[PDB]
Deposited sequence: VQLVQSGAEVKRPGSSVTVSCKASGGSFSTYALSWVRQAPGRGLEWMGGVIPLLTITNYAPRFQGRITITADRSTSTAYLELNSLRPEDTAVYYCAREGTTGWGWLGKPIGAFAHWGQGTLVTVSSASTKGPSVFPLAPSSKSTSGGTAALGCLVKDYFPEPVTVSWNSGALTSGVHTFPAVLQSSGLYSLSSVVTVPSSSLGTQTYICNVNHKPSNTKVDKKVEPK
């Protein structure tokens, strides 16, 4: 059993998003399928569920009027549709299928969510695709240095150091969302003060949506 979801989406406030969930394995039409969301740094929130055979749907009171969940038996696909989007709808959306009891996946239904999609990040914003600027955080026997990765949209950004060769002492922070609508993050690493002369430090930044790829040397002075 495998729940594959559609990919990340940026959406204007007031608009609508449709997220799909393709299930492969077992019997699609007989088992309950639910949508659960998670705002950044928040808990899991149940939105609704269906049973494709019976077309029997239930919606969390919070979302009823704004949400439609459907299951397409011919393609074995579930769809979440959420309307009149606001910033607080920015979240990871999950499809989850109820489990079964025994060996194989045609067993008796247990209600609880045994199977989960990988998630779909839906970002609700007016901002447009922008690459970050990358600024060094220069070192002053333990020293600290880093990169400030500023003003990009949307998520995500990955950061490494010396192409993966430097990992000890590395702290790459979750992004903060600025008043501009743009994200910012920084990555730091502590190292021995004596090696600022011997060793070279380079933060590799990757922001795929804007094709920004910077390999930035960070040095003292």
*Where the model has no C-alpha, note the corresponding stretch of the deposited sequence, numbering from 1.*
141-146
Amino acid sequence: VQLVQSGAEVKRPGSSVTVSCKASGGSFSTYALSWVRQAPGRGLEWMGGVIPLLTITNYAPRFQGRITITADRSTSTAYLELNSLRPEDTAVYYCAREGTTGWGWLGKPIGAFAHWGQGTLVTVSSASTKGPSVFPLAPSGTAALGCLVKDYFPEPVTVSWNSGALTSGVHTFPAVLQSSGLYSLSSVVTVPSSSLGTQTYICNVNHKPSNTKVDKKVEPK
From here on, numbers count along this sequence of modelled residues.
*Do the C-alpha atoms of 104-112 or of 68-76 have the higher average B factor in the entry?*
104-112
*Return whichever of 198-206 and 9-17 has the greater mean Cα B factor according to the PDB record.*
198-206
*Whose CA atom has the top B-factor in the entry, of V159, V191, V170, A165?*
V191
*Can you tell me which of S128, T90, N83, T142 has the highest Cα temperature factor in the record?*
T142
*Classify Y59 as lowest, middle or highest third according to the C-alpha B-factor given in the PDB entry, relative to its own chain.*
middle
*Within this chain's modelled residues, let me know which third the CA B factor of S179 belongs to: lowest, middle or highest.*
lowest
_Ranking the modelled residues of this chain by C-alpha B-factor as given in the entry, is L185 in the lowest, middle or highest third?_
lowest
*Select lowest, middle or highest to describe the third in which the CA B-factor of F153 falls within its chain in this entry.*
lowest
